[PDB]
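Working notes, beginning with the structure itself.
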Amino acid sequence: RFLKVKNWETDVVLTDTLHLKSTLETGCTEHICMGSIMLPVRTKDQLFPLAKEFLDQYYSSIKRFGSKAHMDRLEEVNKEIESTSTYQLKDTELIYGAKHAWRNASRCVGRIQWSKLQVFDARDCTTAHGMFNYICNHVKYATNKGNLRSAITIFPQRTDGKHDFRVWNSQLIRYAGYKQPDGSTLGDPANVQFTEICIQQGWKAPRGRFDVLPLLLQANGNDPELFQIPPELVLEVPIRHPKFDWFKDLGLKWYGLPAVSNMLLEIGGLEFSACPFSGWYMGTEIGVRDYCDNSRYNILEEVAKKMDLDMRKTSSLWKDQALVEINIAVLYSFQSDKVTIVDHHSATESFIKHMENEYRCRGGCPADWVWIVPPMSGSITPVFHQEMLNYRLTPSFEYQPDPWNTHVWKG
Amino acid sequence: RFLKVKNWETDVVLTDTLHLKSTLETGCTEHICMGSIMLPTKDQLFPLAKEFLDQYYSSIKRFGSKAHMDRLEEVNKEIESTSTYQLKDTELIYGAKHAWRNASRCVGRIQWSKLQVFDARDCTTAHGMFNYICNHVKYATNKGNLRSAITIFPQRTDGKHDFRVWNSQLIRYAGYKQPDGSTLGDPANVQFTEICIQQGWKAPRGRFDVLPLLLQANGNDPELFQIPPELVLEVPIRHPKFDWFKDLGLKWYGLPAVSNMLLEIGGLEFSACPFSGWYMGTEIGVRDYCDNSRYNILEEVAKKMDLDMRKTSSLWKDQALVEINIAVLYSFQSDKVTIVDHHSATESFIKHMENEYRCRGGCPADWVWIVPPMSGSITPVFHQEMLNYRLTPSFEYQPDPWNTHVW
Ligand code: HEM
Ligand code: HEM
Ligand SMILES: Cc1cc(N)nc(CCc2cncc(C3CCN(C)CC3)c2)c1
Ligand SMILES: Cc1cc(N)nc(CCc2cncc(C3CCN(C)CC3)c2)c1
Ligand SMILES: C[C@H](O)[C@H](O)[C@H]1CNc2nc(N)[nH]c(=O)c2N1
Ligand SMILES: C[C@H](O)[C@H](O)[C@H]1CNc2nc(N)[nH]c(=O)c2N1
Ligand SMILES: [Zn+2]
């Protein structure tokens with residue numbers, strides 16, 4: 001079966017066959033599209049076909065499909081599954097698997113980079129202290145004094161679901177949020193709940209606007225433990241504007257390393273519940289969402305006041321004008337400090353070439369338009385005009401419930 | 001089966017039950033989402049009529065009444081005898097308003113119940129269509145104080161006598177491919193312009209030539225008519241700060257009027273049903289002016305602003321974009337021509353969505369189309385989960401008549 005996508009700007013038409021290999025469900029039906037919905041213990045029974053599907057893909061990729069090495073490996077995994085109810089991946093398979101989960105991530109505009117991922121195998125880790133050390137090393141490697149390098153650290157896979165490894169932080173580096181008795185918020189309002197957990201767990205909060213949160217780390221299903229990332233490993237960038245000298249006095253900064261730590265990595269049916277991964281920022285993530293969402297730092301008003309825009313009616317587009325200047329400032333600041341960042345024009349242009357390359361060589365590139373299009377200037381980027389097909393391939397990154405809602409406290 | 005949508009900015013959760021009444025298919029499956037794809041008999045007819053009449057009679061609190069039953073009775077007999085049926089004026093008006101109410105890609109639906117419906121089912125000739133369209137244009141324009149309207153021509157019979165407006169919109173600018181290899185005017189309209197010329201249009205070969213109407217009545221060959229120039233309200237574009245902006249020579253038309261869609265009501269198909277409201281600024285300033293395949297003016301504007309266009313990361317494109325959109329809104333407002341900015345429009349839509357969930361159990365919405373083409377996440381619709389599904393009455397796409405027409 002063949003599906004066509006068209007780019008309405010260029011009239012380029014692509015043909016997808018890769019979607020034939022999709023296994024997971026989308027959330028949509030013939031009667032309803034859930035394309036804008038944010039969020040729409042395995043028996044041996046279900047496990048071997050998942051292992052087999054993965055190993056077949058791995059051996060095809062190395063041009064050894066149907067080799068004795070392939071057949072022996074299937075054999076070895078089958079016996080390991082029937083004996084132990086699970087199986088261990090070889091380092092090569094783990095690396096291939098992590099790269100492909102990223103390659104398959106339909107919400108990621110950065111995927112041109114997918115084959116360049118440093119994989120840190122942390123499957124020998126046993127304690128929260130061990131997790132802390134692994135994560136410090138990931139932060140140091142990935143940051144690389146501002147010359148950012150993509151990396152993932154993979155902690156032991158799920159067993160019975162009662163011994164999960166989890167990073168309780170949604171991201172490795174994030175700022176605390178504090179709810180004031182008057183209802184105002186200090187810091188990042190998005191992180192108020194997690195900040196409260198940390199305080200409850202014994203974190204001494206400085207109560208400032210940009211306090212780096214401690215790591216809350218869970219090993220082997222035990223209660224999580226608090227650790228402070230060494231401040232010297234946390235690279236930050238003071239935000240200033242190239243023309244507006246008052247912009248520095250807004251007191252803004254941000255961290256250099258975007259590192260998602262709350263997702264689950266599925267490879268060959270195995271589940272890696274703790275798998276922090278990082279790349280580098282696209283400017284709009286900070287300049288549009290982190291700074292300008294009403295529910296985040298929400299600085300649009302203050303900035304517009306300082307530019308002396310007409311703020312009496314929305315039709316002066318004061319919000320849009322200020323948004324642009326803020327995003328110029330983010331990019332300017334990171335570039336000036338030689339910290340890797342990419343603008344939304346470059347990134348979406350690179351994505352289009354990646355997507356086209358994927359169609360030619362892979363038969364498709366699953367992509368979620370709602371996430372791929374940047375949160376400002378959408379139609380002056382080429383992804384806006386690109387039809388996309390969203391489907392789910394494995395290996396994959398998946399959402400999982402927040403650990404505080406599901407954890408059984410040992411005490 | 002009962003679906004929740006969440007607003008991630010406000011934490012407000014709405015519960016959708018309205019989707020369970022949807023009939024038409026989405027293009028999506030359990031295995032693939034096609035949310036970003038632009039274009040994904042007596043026995044057929046009577047259940048469609050019944051479903052429609054049931055919802056009509058429910059709407060006026062007369063469900064299960066004798067008048068309900070009598071009407072249902074009358075329609076069924078008419079279908080058995082004549083193979084089709086005729087809508088009562090009340091039903092036609094109800095259906096048209098609900099087609100708009102159901103348009104999942106329309107951000108302006110808070111206005112849905114305030115629609116002026118012109119019944120042109122008595123029309124028989126292309127000259128008649130022209131008169132009805134001129135009257136629509138003049139009524140809807142109202143000297144700049146725009147009023148939403150639809151004009152509805154006779155319904156499809158055997159499919160061989162279709163009424164069609166060949167134009168995709170009532171008011172649009174011609175496009176001409178030059179020897180220079182460049183494109184003059186609106187590049188999106190080169191093909192249709194060629195058809196106009198082939199049909200005898202004497203083209204002015206300018207950059208903002210209002211296309212003539214190509215009107216098809218009763219399945220006959222389309223005829224050419226020029227909308228009276230004094231009925232096409234246009235706005236010269238200037239900027240409140242940049243004096244040089246007027247020198248770009250830009251203008252646009254005040255009346256957004258879609259003429260290529262098919263209105264389905266009660267299984268009946270109205271293949272000619274031009275409708276109009278008023279513009280949201282970004283339609284002109286972002287898409288019409290800044291799409292690379294349209295008037296594509298970003299570079300010229302950025303140069304006049306003397307921006308550093310060496311690096312993408314200067315965001316010169318984004319800066320020029322905002323100023324272009326400031327000029328559009330300022331120009332329409334200064335000339336007192338109705339227009340809405342994307343902040344006001346999306347704020348209105350959130351209020352509408354909440355009304356619809358509260359009073360109807362849902363509101364079908366296509367996020368890909370609802371979120372404005374600039375400044376997406378600083379508008380509230382960006383943070384609003386939406387469910388997209390197809391309800392009738394509806395506006396549907398239909399094939400362009402020049403690939404259909406047996407001349
Ligand atoms: C190397 C440069 C990268 C860039 C420029 C980039 C860009 C982005 C952006 C802008 C988003 C949307 C994030 C948001 O809106 O919250 C995203 C999401 C995502 N990225 Fe990438 N990314 C990069 C690297 C990576 C890497 C190394 C991985 C994994 C190995 C990855 C996997 C994902 C996944 C799974 C999502 C969806 C996250 C979610 O649903 O919350 N990305 N990326
Ligand atoms: C009165 C103010 C109105 C506003 C502000 C408004 C706004 C919009 C906008 C911005 C779009 C997207 C158009 C595009 O991107 O090409 C749209 C689409 C649409 N509108 Fe509305 N509209 C209004 C009136 C109406 C009326 C009166 C009707 C019908 C009676 C209508 C039915 C539709 C339909 C069917 C679409 C989708 C068209 C397509 O798929 O090409 N709108 N509207
Ligand atoms: C690997 C990767 C690369 C990249 N450019 N961005 C990301 C997301 C980064 C990120 C960092 N801190 C916090 C977040 C939050 C912001 C608020 N969003 C609603 C959820 C993600 C996201 C990940
Ligand atoms: C009723 C209505 C209201 C409104 N604000 N916009 C519309 C869309 C109007 C419209 C007018 N001229 C041209 C177009 C084209 C622009 C290019 N698009 C690809 C197709 C639609 C659309 C319709
Ligand atoms: C409701 C909607 O799905 C939600 O606001 C989405 C839209 N697109 C997004 N796109 C990105 N990259 N990141 C996001 O968090 C979101 N949020
Ligand atoms: C491919 C994609 O669906 C296409 O570019 C869409 C995106 N969203 C849109 N939204 C509106 N309102 N109008 C459009 O023409 C489009 N085009
Ligand atoms: Zn879908």
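When we count neighbours, we look across all protein chains shown, and the Cβ atoms used for this are built from the backbone with ideal geometry, even at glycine. Just so you know, all these numbers are worked out from the coordinates, no wet-lab data involved.
For segment B:366-407, what percent of Cα pairs sit more than 11 Å apart? Of the Cα pairs, 74 percent sit more than 11 Å apart. The relative contact order of segment A:331-409 comes to 25 percent, based on Cα pairs under 8 Å that sit 6 or more residues apart. Cross-link partners for A:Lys162 among the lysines, with Cα-Cα distance under 19 Å and sequence neighbours closer than 8 places in the same chain left out: A:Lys44, A:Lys410. Normalising the average separation of contacting C-alpha pairs (under 8 angstrom, six or more residues apart) by the number of residues puts the relative contact order of segment B:228-374 at 23 percent. Cross-link pairs exceeding 27 Å in C-alpha to C-alpha distance, out of A:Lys21/A:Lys140; B:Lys251/B:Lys317; A:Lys319/B:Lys4, comprise A:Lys21/A:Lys140; A:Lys319/B:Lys4. Applying 1/(1 + (r/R0)^6) with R0 = 35 Å to the Cβ-Cβ distance of B:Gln111 and A:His31 gives a FRET efficiency near 0.80.
For A:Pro189, the shell of other residues with beta-carbons less than 13 Å away shows a net charge of -1, using +1 for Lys and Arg and -1 for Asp and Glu. Placing dummy labels 7 Å off each Cα toward the beta-carbon, the span from B:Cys134 to B:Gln191 is 3.1 nm. For segment B:149-198, the extents of the C-alpha atoms along the principal axes are 47, 27, 13 Å, listed from largest to smallest.
Out of segment B:95-137, which trypsin sites (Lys or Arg not before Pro) are coil in DSSP terms and have no more than 12 other C-beta atoms within 10 Å?
Qualifying residues, ordered by number: B:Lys114.
Would you be so kind as to identify which of A:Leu55, A:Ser316, A:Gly35 lies farthest towards the positive end of the dipole of chain A, taking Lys and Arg as +1 and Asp and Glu as -1 on Cβ and the Cα centre as origin? The one lying farthest along the dipole's positive direction is A:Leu55.
Here the spin labels are modelled as points 7 Å beyond Cα on the Cα-Cβ line, and at A:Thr127 and B:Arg147 they lie 8.1 nm apart.
Taking chymotrypsin sites (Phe, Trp or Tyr not before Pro) across segment A:152-197, none is in a DSSP loop with at most 12 further Cβ atoms lying within 10 angstrom of its Cβ. Per residue, the protein assembly as shown reaches -9500 deg cm²/dmol at 222 nm when only DSSP H runs of four or more residues are counted, each adding -39500 (n - 2.57).
In segment A:290-328, what trypsin sites (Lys or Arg not before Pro) fall in a loop by DSSP, with at most 16 other Cβ atoms inside 10 Å? In loop regions of segment A:290-328 (DSSP not H, G, I, E or B), the sparsely surrounded trypsin sites (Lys or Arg not before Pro) are A:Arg312, A:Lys313. May I ask for the Rg/Rh ratio of segment A:1-151, computed from Cα atoms with Rh as the Kirkwood radius, given to two decimals? Dividing the radius of gyration by the Kirkwood radius yields 1.02. Between segment B:234-293 and segment A:222-246, the alpha-carbon centres lie 46 Å apart. Dipole size of segment B:266-407 about its Cα centre, with +1 on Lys/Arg Cβ and -1 on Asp/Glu Cβ: approximately 120 debye, rounded to the nearest 20. Taking the DSSP bridge list for the protein assembly as shown and keeping only pairs wholly inside it, about 85 percent are antiparallel.
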